[PDB]
Structures are given as C-alpha cells and as structure tokens.
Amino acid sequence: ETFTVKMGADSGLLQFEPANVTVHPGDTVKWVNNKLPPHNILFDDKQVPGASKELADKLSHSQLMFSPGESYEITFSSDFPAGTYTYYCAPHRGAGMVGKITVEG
C-alpha cells in the first residue's frame, strides 16, 4: 500500500497529516509538500529501531522542499526493522511539527 502524509495541513497548521501512521512490511509512505513551506523530514539516530544512525541518515530528507507537490517516498521493505520511527521538520520544530511511523512486524 501507499500512505500519503501531507506536510502542512489544509487548515494552514504546521503539522504532518496524518501525524501518526501504522505501516506493514512492504508499504510505502509518501510525503507531499502541501502548505507553508519549506519542510524536511529528519530522523534522529535514537528515534529509529535499534538506534541505528546509519538507518536514520538514509531515511532523513535533510534538504528543504519548497514547491507544492514535491514528494519523498520510503518503501519499508523486509530490510527495515519493526518499531516506531519518530521524525520532525527542522524549520518548524518549535511549532511541534513532529511525526511518527509505526512498522508492525
């Protein structure tokens, strides 16, 4: 499957819609730049299963996205461990623009 997460709610709020998402092995999470750019997706080394920095760096879209429609996908294949993945938006961190992905396995 493919779960779409909008960066910036329609209401004009600095949030990820949905904030919490539960994914199964093989599913894809698609982030779409919606409202109030820029945004980026950052995963901290200790916010991913096993505290793997190597894993966090691969998932983290450090670069800022400005134009609406720009997307970033992550297919959680058999390779990725099971557990919760917490991420955030650096420019809107103070606004509490935080997200969470739970991979069940």
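When you see a residue number, it is the position in the sequence shown, counting from 1.
Mean CA B-factor, 24-32 versus 65-73: the higher value falls on 24-32. Look at the mean CA B-factor for 45-53 and for 74-82 in the entry; the higher one is 74-82. Looking only at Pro18, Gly96, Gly12, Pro91, the residue with the top Cα B factor in the deposited structure is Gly12.
When all modelled residues of the chain are sorted by CA temperature factor, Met7 is found within the middle third.
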